[PDB]
6 protein chains.
Amino acid sequence: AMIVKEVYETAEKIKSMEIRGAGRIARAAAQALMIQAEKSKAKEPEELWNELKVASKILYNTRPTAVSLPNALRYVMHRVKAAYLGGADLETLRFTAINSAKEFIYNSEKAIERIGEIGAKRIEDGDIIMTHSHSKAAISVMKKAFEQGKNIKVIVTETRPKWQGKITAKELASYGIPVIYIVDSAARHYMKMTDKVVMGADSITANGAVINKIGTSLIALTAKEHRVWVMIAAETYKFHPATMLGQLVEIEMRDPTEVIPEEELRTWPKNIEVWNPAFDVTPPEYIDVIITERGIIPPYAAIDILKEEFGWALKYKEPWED
Amino acid sequence: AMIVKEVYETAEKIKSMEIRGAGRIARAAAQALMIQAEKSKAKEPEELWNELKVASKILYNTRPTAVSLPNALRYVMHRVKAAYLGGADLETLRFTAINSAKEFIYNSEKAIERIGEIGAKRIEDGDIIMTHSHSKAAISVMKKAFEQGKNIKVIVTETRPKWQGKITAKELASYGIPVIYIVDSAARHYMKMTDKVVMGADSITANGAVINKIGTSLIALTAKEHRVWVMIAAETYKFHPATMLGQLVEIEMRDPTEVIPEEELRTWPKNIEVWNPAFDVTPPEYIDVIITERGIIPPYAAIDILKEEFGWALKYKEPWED
Amino acid sequence: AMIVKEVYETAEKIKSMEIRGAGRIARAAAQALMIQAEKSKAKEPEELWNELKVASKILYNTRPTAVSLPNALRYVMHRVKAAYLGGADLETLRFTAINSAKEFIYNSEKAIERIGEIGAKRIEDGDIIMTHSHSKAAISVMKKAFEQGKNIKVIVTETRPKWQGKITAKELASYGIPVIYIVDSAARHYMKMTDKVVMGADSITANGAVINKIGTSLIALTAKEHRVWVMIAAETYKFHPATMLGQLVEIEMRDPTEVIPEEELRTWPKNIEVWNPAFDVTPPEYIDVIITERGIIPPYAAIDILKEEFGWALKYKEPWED
Amino acid sequence: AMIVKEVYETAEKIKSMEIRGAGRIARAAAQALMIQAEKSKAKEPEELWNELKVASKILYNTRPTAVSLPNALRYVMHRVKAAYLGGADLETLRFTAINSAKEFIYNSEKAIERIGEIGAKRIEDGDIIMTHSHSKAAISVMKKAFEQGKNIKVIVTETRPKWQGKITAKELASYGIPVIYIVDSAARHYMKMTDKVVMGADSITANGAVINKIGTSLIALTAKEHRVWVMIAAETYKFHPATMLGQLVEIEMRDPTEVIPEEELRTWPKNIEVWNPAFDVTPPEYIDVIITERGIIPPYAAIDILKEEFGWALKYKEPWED
Amino acid sequence: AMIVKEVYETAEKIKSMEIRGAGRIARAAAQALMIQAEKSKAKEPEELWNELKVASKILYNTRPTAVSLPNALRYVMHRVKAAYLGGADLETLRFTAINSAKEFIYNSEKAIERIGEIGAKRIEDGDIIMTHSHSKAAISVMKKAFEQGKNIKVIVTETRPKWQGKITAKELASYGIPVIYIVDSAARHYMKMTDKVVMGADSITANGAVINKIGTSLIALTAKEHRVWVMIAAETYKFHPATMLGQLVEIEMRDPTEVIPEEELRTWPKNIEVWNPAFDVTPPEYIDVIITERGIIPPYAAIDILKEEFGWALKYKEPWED
Amino acid sequence: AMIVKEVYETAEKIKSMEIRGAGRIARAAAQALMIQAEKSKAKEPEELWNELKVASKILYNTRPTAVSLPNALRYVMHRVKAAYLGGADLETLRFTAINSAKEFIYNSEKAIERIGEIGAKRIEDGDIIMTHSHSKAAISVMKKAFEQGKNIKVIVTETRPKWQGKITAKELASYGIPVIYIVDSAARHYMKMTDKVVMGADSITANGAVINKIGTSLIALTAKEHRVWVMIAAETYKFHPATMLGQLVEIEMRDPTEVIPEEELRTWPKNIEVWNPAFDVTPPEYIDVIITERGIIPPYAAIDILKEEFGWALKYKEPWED
Ligand SMILES: Nc1ncnc2c1ncn2[C@@H]1O[C@H](COP(=O)(O)O)[C@@H](O)[C@H]1O
Ligand SMILES: O=P(O)(O)OC[C@H]1O[C@H](OP(=O)(O)O)[C@H](O)[C@@H]1O
Ligand SMILES: O=P(O)(O)OC[C@H]1O[C@H](OP(=O)(O)O)[C@H](O)[C@@H]1O
Ligand SMILES: O=P(O)(O)OC[C@H]1O[C@H](OP(=O)(O)O)[C@H](O)[C@@H]1O
Ligand SMILES: O=P(O)(O)OC[C@H]1O[C@H](OP(=O)(O)O)[C@H](O)[C@@H]1O
Ligand SMILES: O=P(O)(O)OC[C@H]1O[C@H](OP(=O)(O)O)[C@H](O)[C@@H]1O
Ligand SMILES: [K+]
Ligand SMILES: [K+]
Ligand SMILES: [K+]
């Protein structure tokens with residue numbers, strides 16, 4: 001109930017997409033629990049516990065699709081709950097929250113570096129890589145492959161409505177990587193000159209399906225058509241535990257004004273609806289490998305990743321639950 | 001040569017895409033040769049012949065990909081050239097041109113209403129139709145189905161870079177037709193709820209291939225993946241003669257600042273190139289039917305349409321050449 | 001208005017499927033106009049003309065899907081109308097009707113013999129042929145191939161709900177042809193031992209799509225999956241002229257009691273609906289050749305067949321129209 | 001050996017398909033070994049051991065294709081065999097058998113309710129579900145989605161030769177669920193209006209393949225053609241151990257008179273054979289998920305389910321052998 | 001009965017593949033007929049007519065698969081037979097033969113030249129072209145493209161068993177075209193670097209299937225897999241008139257010593273059979289265009305080449321027949 | 001530094017392909033290490049350890065593509081290195097090496113035997129089997145099946161460039177198995193008569209792709225096209241641990257004189273380059289099963305073979321490294 005404003009700002013910024021990208025939203029949420037814990041004026045363990053739960057709920061209710069966010073909160077809160085129910089004093093519980101958040105953040109960073117190291121080995125001298133949206137994990141791969149001295153070019157799709165491709169383009173450019181910027185529509189037209197595809201992931205399912213920025217499935221489709229390897233770069237905390245037990249991932253429908261700006265949209269007739277899904281789902285047949293910090297896998301081994309790391313917790317309710 | 005201003009203004013406006021759509025471009029090309037003949041001050045027939053030769057060369061060098069443009073110029077100038085070589089005096093030559101051009105414009109209008117009526121019979125009540133870009137022909141089909149009392153909805157894809165989807169959305173919505181506007185990247189995500197795809201053409205080749213707005217081949221591809229019918233609404237003047245003798249269609253590369261505005265692009269790193277192809281090429285196997293003013297065809301019958309309407313002219317030179 | 005009962009019985013028998021099969025229904029309808037004409041008590045040409053029109057309407061309104069029926073009636077009635085409007089006396093008009101019907105019947109028979117002769121050449125010694133429903137044209141092929149001394153076996157699908165396969169099985173057996181009878185569901189399971197598929201057609205469209213007995217499209221689908229040639233055996237009067245101008249073929253929905261017998265069906269809860277489509281539509285991609293009396297064609301050449309034989313009449317209303 | 005009558009009556013009833021469905025067969029197999037142990041008059045443990053050995057051999061030789069049967073027998077007899085070899089006295093051996101069998105029956109029931117709850121989460125409100133044959137597991141999924149308030153309709157395919165579709169149609173309709181009954185041949189025609197396919201399994205192989213009622217592979221095939229999800233509701237006791245070591249599953253050929261009744265078939269020509277396979281084999285690539293009581297898997301994870309639940313037993317002999 | 005030396009040498013050189021390549025073979029058979037007429041010591045019309053009839057049969061009975069050969073003998077003998085039946089005297093008949101063969105040969109050289117010109121237009125600067133066997137018409141395309149100043153590289157598949165690829169590689173090298181030579185099995189491995197596939201044909205059928213050197217089908221298949229264009233370079237006398245009326249093309253089975261040499265094969269166990277198909281059949285779905293001397297067709301328009309250039313003769317027997 | 005004669009002969013025999021076949025090569029490298037330890041005149045532990053390290057590098061540097069080789073050197077040197085670091089004396093170290101090589105070699109012979117037994121079960125009486133190259137493990141399957149009394153026939157693809165298929169054909173003949181020998185290009189032509197495809201592997205990756213003799217991929221592709229099962233017979237030491245961490249397998253490019261002999265190649269134009277890839281890569285989607293000595297897997301479970309038998313060593317450097 002005495003929730004610090006750093007939690008409230010992180011939430012608003014997640015919603016507004018000032019903080020965006022699956023890994024980043026996750027790190028931002030770990031962070032927010034950290035700050036809440038650091039700054040809490042609680043006197044009993046029970047008071048802090050309550051704050052961490054209510055803050056976790058606020059943070060969870062921001063954006064649904066990327067499972068990295070709930071996974072970050074679970075990492076922190078599985079540990080916090082266990083300390084709490086085990087009778088931890090106020091300070092043991094504060095540190096358990098703070099240090100758990102710190103680990104997630106630190107492991108998130110090492111996981112992305114490691115993915116780049118692993119992914120890069122699948123890039124070859126002279127490769128033309130097509131990507132989509134802005135993925136820290138995808139970019140780690142392309143960036144490392146350049147640093148090894150491979151001469152790559154990267155086709156960057158624009159990624160409407162939010163123009164994520166601009167970010168990716170400028171960022172790749174600044175590491176010395178040449179870029180070809182194209183609109184989303186042109187992905188089939190350039191698939192013939194493309195040697196590899198490398199994209200990120202918001203959530204990966206028990207069957208190997210990849211939920212990622214709207215348009216990912218199209219690029220994968222025509223990549224398959226063309227026999228261009230589709231490689232997805234993704235941390236194990238992108239894997240979705242609830243889909244083990246039959247859960248479908250919700251696809252976020254964002255405001256129509258991200259597609260068509262406010263001033264214009266209200267001049268339009270009432271019988272036009274603008275629909276703005278932030279993600280689509282890419283079937284496993286169309287994915288060559290998923291690149292995790294633990295190694296290369298075929299998409300269908302998503303279940304192993306889920307079994308050995310996340311399944312244990314599916315008997316329990318969420319660690320923030322009241 | 002004394003070229004009248006309406007010839008130059010039309011060429012500017014085609015190049016700038018102020019005038020756009022392969023059907024319109026073609027009518028305006030004819031309209032321009034008509035205005036040249038109307039206002040010419042030529043004394044001799046040879047004087048006027050030369051004006052129209054040159055006028056045609058100006059118009060032909062505007063935009064290369066939609067063969068409708070040269071087929072309009074040809075429709076007028078084969079006639080003008082035969083009048084002139086067969087000894088026509090001046091005012092005979094002036095009317096051959098005027099009248100040939102009025103013929104093309106009125107047949108063009110006719111063909112579109114006719115493609116509407118034919119193509120509508122392949123629209124079923126309840127259908128959800130996905131379309132791309134803005135095509136007077138495709139719209140004729142959708143609008144004619146609506147006027148028949150069928151309850152349709154049209155999925156209008158945005159169509160970057162130039163936003164042609166906005167024109168389409170507003171146009172259809174203004175005839176009463178419910179519209180759903182989405183980004184091009186959302187085509188696959190919404191292909192499951194789509195019953196029919198209806199699109200235009202700029203060029204159609206001997207072998208069946210359809211050159212139409214960039215992103216057309218993606219929509220068609222994922223329509224095939226899902227067994228949604230891809231119907232191309234296209235006049236016979238969209239069919240490309242030189243492809244019979246082995247020609248590939250030039251795919252127009254338009255200025256990059258149509259993608260990223262000048263103000264923003266000049267601030268971007270030197271090693272990003274923006275590539276802006278205006279069109280892509282959809283293979284025949286992803287096309288179900290081509291709705292011409294002469295009836296429904298399989299796309300492989302493109303060659304029949306060309307054999308019987310264009311072949312004769314191929315042993316000759318272009319009717320505006322020296 | 002003074003319509004003979006032979007017209008009324010032929011109609012009832014077409015509806016009830018006592019007379020069934022596309023070619024046969026067509027011959028039966030030609031026949032019926034013949035008898036009407038033979039037995040008419042008309043005294044003026046105008047009186048007979050009226051009878052032939054009203055009889056054509058009755059016969060046309062029996063079953064929609066197989067276009068052979070309207071084509072048979074057009075063959076007879078294009079000729080009758082032309083005699084009539086050209087001032088034929090009563091007897092000239094009677095004979096025009098009678099003799100036209102006779103030609104259609106005679107040409108129908110020669111067309112089926114000729115298809116068998118042509119089709120059989122595509123069967124090879126040792127072939128295992130899978131078929132579907134009961135097609136006179138298909139059977140003509142298999143029968144001729146045996147008579148040439150090729151040792152074939154024919155897999156006969158049962159063809160529910162009406163058990164057409166029983167007819168085909170007994171009929172092939174009686175020519176010396178060994179038969180393997182299987183239920184419809186088993187077609188994929190036996191496609192591996194199948195060398196050829198040979199089926200009939202009720203209506204063939206401008207784009208090469210084949211409308212035929214329910215389940216045809218499944219057999220073709222898994223045939224394609226397996227690279228087994230799908231050959232359709234079909235007379236040129238199976239080709240559908242209205243689909244040139246964008247008409248979709250109606251798919252006949254027959255009584256639910258053909259699926260589930262009356263005594264049983266009325267014991268069932270109201271919230272079960274039985275749906276009984278008599279046909280499905282098979283796309284051209286899944287058809288290797290159509291075998292007509294005029295020769296082997298790829299499915300997509302359906303338009304040539306339609307252009308050169310049926311298109312001339314599409315400017316006119318139906319020759320029975322009032 | 002003194003085999004009790006309920007062992008023989010159950011074997012007759014499995015063979016005749018009076019008792020049917022791989023789940024039921026398996027429970028009744030266990031039920032029979034339970035009744036044998038209940039009523040045995042054995043004095044020694046060795047006497048009873050031998051009765052159960054023989055009882056198991058009788059039950060195992062009824063119907064070969066659904067591995068659920070032997071997995072039930074194994075579940076009981078690995079336990080009984082270990083009790084006996086580990087010196088158990090008589091009434092200990094009698095209870096090991098009884099209790100092992102009650103265990104299997106109650107776990108089987110549990111697994112089905114559980115597969116209902118998991119699989120329902122992949123059913124979305126509004127969905128039209130196509131199913132095949134009659135599967136308690138598939139029905140558990142569909143019924144559980146309905147109880148959640150989702151408005152579904154189920155397309156029940158008839159399922160020749162034995163008409164299992166009638167059982168399914170009546171069952172689902174009796175829980176309130178709207179049913180559409182069609183013939184197996186209509187599967188493709190109605191795949192366009194279908195959102196999800198839900199079916200059972202009799203055996204599932206190491207590599208992912210699903211053996212289920214004849215016609216299953218057709219439905220799955222055309223589901224893939226249209227990108228409709230194929231979900232297999234199947235317990236872990238449906239998974240086939242011997243396939244790990246290279247075994248192919250025997251596909252049961254049932255008496256031809258189930259297709260064509262004795263009265264009719266005896267009148268048919270000698271060179272028609274009726275072939276009645278009871279099952280077909282659907283490849284893994286046409287399967288989206290397998291819903292087990294342990295959660296959603298990709299079909300290629302069949303091998304994991306077998307490794308961790310069945311592999312150990314493969315170096316041993318069958319637990320009812322000499 | 002009095003057949004010239006040359007007809008025998010031509011025949012034998014064709015049998016042993018000393019003269020080879022569909023077009024060349026046909027030229028050699030026209031040449032033979034031409035020399036039979038030149039050197040005839042016949043004095044009656046009927047004596048010559050009989051020499052030419054027999055000469056034809058000898059030639060037609062060398063090698064079955066390439067229809068070019070009978071199409072050449074028909075070109076000559078149709079004309080010879082029309083003259084002989086007109087009552088043409090000896091010297092008129094002798095010239096009919098002599099001239100018709102020269103007309104055939106000259107039109108053949110012209111077609112291959114024109115195919116080069118037309119086909120070259122579909123080659124683009126920087127293209128890598130995979131070919132197969134040695135096709136004069138395929139080579140015309142490649143050579144003309146290279147002469148146009150396009151920097152192409154050609155991948156020459158070795159083409160077992162007769163090592164045809166060595167001839168192709170040496171030939172293209174000799175015009176200054178960089179060749180990559182590879183074994184047949186490597187065609188998929190290098191399909192990713194291939195932009196275009198260009199190959200010949202021995203026979204093209206009524207449905208658009210292409211019969212060419214063994215392996216042609218594997219290359220078309222993996223080319224389709226990767227969306228590389230397959231372009232067939234083929235004179236209109238490669239199209240097979242018999243296939244219109246149902247015939248299948250005979251696939252010539254040549255000597256096993258062309259595979260395993262005689263000195264080695266004789267030492268091998270009896271129970272190894274060496275099979276040497278000289279050709280295979282590529283379906284039209286894997287073929288993008290056929291480049292003929294009349295233009296570009298989709299494979300499905302082969303029926304038109306046939307309808308319009310050959311169908312007239314099918315009514316009749318082969319000209320050389322009695 | 002003091003390396004035995006035999007290590008050099010083994011190395012050179014492997015380089016020149018005198019010793020060939022992935023499994024055999026590996027046995028030859030274990031053998032070499034075994035003879036280095038046997039014949040060492042070293043007197044300190046460290047002297048031997050250094051001989052074996054160097055011997056290993058020599059061997060690993062012969063042929064890159066078949067991972068069996070390093071997996072054998074690892075089997076031995078992991079064990080040798082654990083001993084040397086335990087402080088093992090000279091003779092203990094010498095035995096560690098000698099025994100570990102014998103263990104490797106004996107386990108290899110056992111695996112190939114067990115693969116035969118397991119793989120044979122998926123062969124059925126009357127099967128026609130296409131194979132490629134010469135794989136000891138593929139042959140084990142075929143031989144065991146034939147020994148079981150199944151009347152099989154084997155199609156042996158010739159396998160250029162090194163004529164591997166002659167070895168296979170002679171070998172299978174020698175066990176009494178009828179062979180059909182065909183050139184590589186004929187694999188599609190005979191895929192219709194093929195029931196089963198059985199081939200070896202040199203390296204199998206973490207995502208299930210198979211690296212085997214050049215051509216393997218063309219056969220898998222057309223086998224998939226026709227729904228023929230592709231079964232790979234492969235010892236678990238064919239699985240590539242490096243591919244888990246991102247590596248690509250190096251495709252060995254061997255001498256051009258293995259393609260075109262030296263006496264002939266030297267006469268050829270400079271501008272023909274002869275490319276000799278010894279291997280290609282088959283994707284997992286075209287592979288039905290991998291038959292290992294631990295059982296049948298889908299190709300996607302290759303990651304499990306790896307996770308569980310090799311992943312432990314990836315943390316560390318190669319045993320022979322300093
Ligand atoms: N050198 C290599 N090492 C490991 N995997 C490879 C290599 N080359 C190709 N692949 C894989 O092999 C398959 C190639 O398939 P395609 O893209 O269809 O050629 C894919 O599954 C790739 O991941
Ligand atoms: O974790 P990293 O690799 O940064 O990003 C993964 C994915 O998350 C992003 O979505 P959004 O911008 O949050 O809507 C993009 O879809 C991207 O592919
Ligand atoms: O001729 P209509 O049917 O109106 O449209 C035909 C096509 O021409 C347009 O190109 P652009 O906007 O001129 O670049 C669009 O691609 C459209 O589909
Ligand atoms: O075990 P449950 O899930 O109820 O059904 C599993 C399968 O077993 C049945 O076979 P049969 O009717 O015994 O021949 C059907 O094929 C059904 O899908
Ligand atoms: O007429 P051109 O285009 O030269 O060759 C056509 C085809 O004929 C040849 O066969 P063969 O060498 O006669 O056995 C080759 O297969 C070639 O592709
Ligand atoms: O171990 P086994 O199963 O015998 O053979 C495995 C594979 O290794 C061989 O290559 P190479 O002859 O070494 O170049 C063949 O390609 C074969 O399929
Ligand atoms: K590419
Ligand atoms: K749809
Ligand atoms: K659907």
# chains A, B, ... in the order shown; residues from 1 in each chain; ligands from 1
>>> residues_near_ligand(ligand="ligand 4", cutoff="7 Å", atoms="only C-alpha atoms and all ligand atoms", output="list in words")
residues 17, 20, 21, 22, 23, 24, 132, 133, 134, 135, 136, 137, 138, 164, 199, 200, 201, 202, 212, 213, 233, 234, 278 and 279 of chain D
>>> write_last_selection(atoms="N, CA and C atoms", output="compact mmCIF listing (two decimals), in the first residue's frame")
# COMPACT_ATOMS: atom_id res chain seq x y z
N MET D 17 -15.30 -55.21 -30.63
CA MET D 17 -15.50 -53.79 -30.40
C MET D 17 -16.81 -53.42 -29.71
N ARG D 20 -14.79 -50.54 -26.74
CA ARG D 20 -13.87 -49.86 -27.68
C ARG D 20 -13.38 -48.50 -27.17
N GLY D 21 -12.46 -47.90 -27.92
CA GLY D 21 -11.72 -46.72 -27.48
C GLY D 21 -10.51 -47.19 -26.71
N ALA D 22 -9.32 -46.77 -27.12
CA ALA D 22 -8.07 -47.24 -26.51
C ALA D 22 -7.99 -47.04 -24.99
N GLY D 23 -8.69 -46.04 -24.47
CA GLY D 23 -8.69 -45.77 -23.05
C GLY D 23 -9.51 -46.80 -22.31
N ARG D 24 -10.71 -47.03 -22.83
CA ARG D 24 -11.62 -48.00 -22.26
C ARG D 24 -11.05 -49.44 -22.29
N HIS D 132 -12.71 -36.27 -35.10
CA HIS D 132 -12.83 -37.56 -35.81
C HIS D 132 -13.00 -38.70 -34.82
N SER D 133 -13.68 -39.76 -35.28
CA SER D 133 -13.96 -40.94 -34.48
C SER D 133 -14.62 -40.58 -33.15
N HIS D 134 -14.40 -41.38 -32.11
CA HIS D 134 -14.91 -41.05 -30.77
C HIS D 134 -13.77 -41.25 -29.79
N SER D 135 -13.41 -40.19 -29.09
CA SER D 135 -12.25 -40.20 -28.20
C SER D 135 -12.65 -39.49 -26.93
N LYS D 136 -12.60 -40.25 -25.84
CA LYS D 136 -12.99 -39.78 -24.52
C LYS D 136 -12.11 -38.58 -24.18
N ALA D 137 -10.83 -38.68 -24.54
CA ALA D 137 -9.84 -37.62 -24.33
C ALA D 137 -10.14 -36.36 -25.12
N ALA D 138 -10.41 -36.52 -26.43
CA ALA D 138 -10.77 -35.38 -27.28
C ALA D 138 -12.06 -34.74 -26.81
N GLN D 164 -18.48 -44.34 -35.58
CA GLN D 164 -18.16 -43.81 -34.25
C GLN D 164 -18.62 -42.37 -34.06
N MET D 199 -8.45 -34.47 -31.81
CA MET D 199 -8.61 -35.89 -32.04
C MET D 199 -7.86 -36.72 -30.98
N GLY D 200 -8.14 -38.02 -30.94
CA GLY D 200 -7.48 -38.92 -30.00
C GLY D 200 -6.26 -39.62 -30.58
N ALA D 201 -5.76 -40.60 -29.83
CA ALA D 201 -4.68 -41.47 -30.27
C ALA D 201 -4.83 -42.82 -29.69
N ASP D 202 -4.39 -43.81 -30.45
CA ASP D 202 -4.37 -45.19 -30.03
C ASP D 202 -2.92 -45.58 -29.75
N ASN D 212 -4.21 -43.48 -35.04
CA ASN D 212 -5.57 -43.20 -34.56
C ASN D 212 -6.49 -43.70 -35.66
N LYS D 213 -7.80 -43.65 -35.44
CA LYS D 213 -8.81 -44.15 -36.41
C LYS D 213 -8.58 -43.78 -37.89
N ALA D 233 -5.33 -35.12 -28.27
CA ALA D 233 -5.60 -35.42 -26.85
C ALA D 233 -5.27 -36.88 -26.52
N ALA D 234 -4.22 -37.09 -25.75
CA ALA D 234 -3.73 -38.43 -25.58
C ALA D 234 -2.92 -38.62 -24.29
N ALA D 278 -8.34 -50.42 -39.61
CA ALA D 278 -9.07 -49.73 -38.55
C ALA D 278 -8.40 -48.42 -38.17
N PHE D 279 -7.18 -48.19 -38.66
CA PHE D 279 -6.32 -47.10 -38.22
C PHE D 279 -5.45 -46.60 -39.37
>>> residues_around(residues="residue 118 in chain B", least_positions_apart="2", cutoff="7 Å", atoms="only C-alpha atoms", output="list in words")
residues 114, 115, 116, 120, 121 and 295 of chain B; 245 and 246 of chain C
>>> interface_residues(of="chain D", to="chain B", cutoff="10 Å", atoms="only C-alpha atoms", output="list in words")
residues 192, 193, 195, 223, 224, 225, 226, 227 and 228 of chain D
>>> select_by_dssp(residues="range 25-156 of chain C", states="alpha helix (DSSP H)", output="ChimeraX atom specification")
/C:25-39,45-60,68-85,90-120,136-147
>>> atom_distance(atom1="CA of residue 158 in chain F", atom2="CA of residue 181 in chain F")
6.7 Å
>>> residues_near_ligand(ligand="ligand 1", cutoff="7 Å", atoms="only C-alpha atoms and all ligand atoms", output="PyMOL selection string")
(chain A and resi 227-229+288-289) or (chain F and resi 205+207+209+243+247-251+281-284)
>>> select_by_dssp(residues="range 123-205 of chain E", states="strand (DSSP E or B)", output="NGL selection string")
:E and (128-131 or 153-157 or 179-182 or 196-199 or 203-204)
>>> closest_residue(among="F:18, F:51, F:117, F:38", to="residue 1 in chain F", atoms="only C-alpha atoms")
F:51
>>> residues_around(residues="residue 5 in chain D", least_positions_apart="2", cutoff="12 Å", atoms="only C-alpha atoms", output="list in words")
residues 2, 3, 7, 8, 9, 10, 11, 12, 32, 33, 35, 36, 39, 40, 55 and 58 of chain D
>>> write_last_selection(atoms="C-alpha atoms", output="compact mmCIF listing (two decimals), in the first residue's frame")
# COMPACT_ATOMS: atom_id res chain seq x y z
CA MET D 2 -8.22 -71.61 -14.05
CA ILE D 3 -9.20 -68.47 -16.01
CA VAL D 7 -11.40 -62.51 -18.43
CA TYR D 8 -12.85 -64.37 -21.48
CA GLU D 9 -15.94 -62.12 -21.79
CA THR D 10 -13.74 -59.03 -21.79
CA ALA D 11 -11.48 -60.52 -24.46
CA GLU D 12 -14.57 -61.32 -26.66
CA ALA D 32 -10.24 -58.16 -16.01
CA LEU D 33 -6.91 -58.92 -14.32
CA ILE D 35 -11.49 -59.74 -11.37
CA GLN D 36 -9.11 -62.74 -11.97
CA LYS D 39 -12.01 -64.67 -7.80
CA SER D 40 -8.95 -66.90 -8.20
CA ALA D 55 -5.06 -63.93 -18.38
CA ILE D 58 -5.45 -63.70 -23.52
>>> residues_around(residues="range 267-269 of chain D", least_positions_apart="4", cutoff="8 Å", atoms="only C-alpha atoms", output="list in words")
residues 170, 173 and 174 of chain C; 263 of chain D
>>> residues_around(residues="residue 15 in chain D", least_positions_apart="6", cutoff="12 Å", atoms="only C-alpha atoms", output="PyMOL selection string")
chain D and resi 8-9+21+25+29+58-65+252-255
>>> residues_around(residues="residue 84 in chain A", least_positions_apart="2", cutoff="10 Å", atoms="only C-alpha atoms", output="VMD selection string")
chain A and resid 45 to 46 48 to 49 79 to 82 86 to 90 92 to 94 96
>>> atom_distance(atom1="CA of residue 83 in chain A", atom2="CA of residue 104 in chain A")
17.0 Å
>>> residues_around(residues="residue 154 in chain C", least_positions_apart="4", cutoff="6 Å", atoms="only C-alpha atoms", output="ChimeraX atom specification")
/C:128-130,179
>>> decode(residues="range 41-45 of chain A", atoms="N, CA and C atoms", output="mmCIF file, in the first residue's frame")
data_model
loop_
_atom_site.group_PDB
_atom_site.id
_atom_site.type_symbol
_atom_site.label_atom_id
_atom_site.label_comp_id
_atom_site.auth_asym_id
_atom_site.auth_seq_id
_atom_site.Cartn_x
_atom_site.Cartn_y
_atom_site.Cartn_z
ATOM 1 N N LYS A 41 9.767 1.837 3.807
ATOM 2 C CA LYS A 41 9.746 2.294 5.195
ATOM 3 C C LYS A 41 9.077 1.263 6.100
ATOM 4 N N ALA A 42 8.831 0.077 5.564
ATOM 5 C CA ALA A 42 8.291 -1.017 6.350
ATOM 6 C C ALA A 42 9.105 -1.302 7.625
ATOM 7 N N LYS A 43 8.372 -1.683 8.675
ATOM 8 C CA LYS A 43 8.961 -2.073 9.950
ATOM 9 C C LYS A 43 8.887 -3.571 10.231
ATOM 10 N N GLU A 44 7.827 -4.247 9.782
ATOM 11 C CA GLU A 44 7.725 -5.728 9.856
ATOM 12 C C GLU A 44 8.011 -6.400 8.495
ATOM 13 N N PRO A 45 8.482 -7.659 8.504
ATOM 14 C CA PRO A 45 8.584 -8.410 7.250
ATOM 15 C C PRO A 45 7.268 -8.399 6.476
#
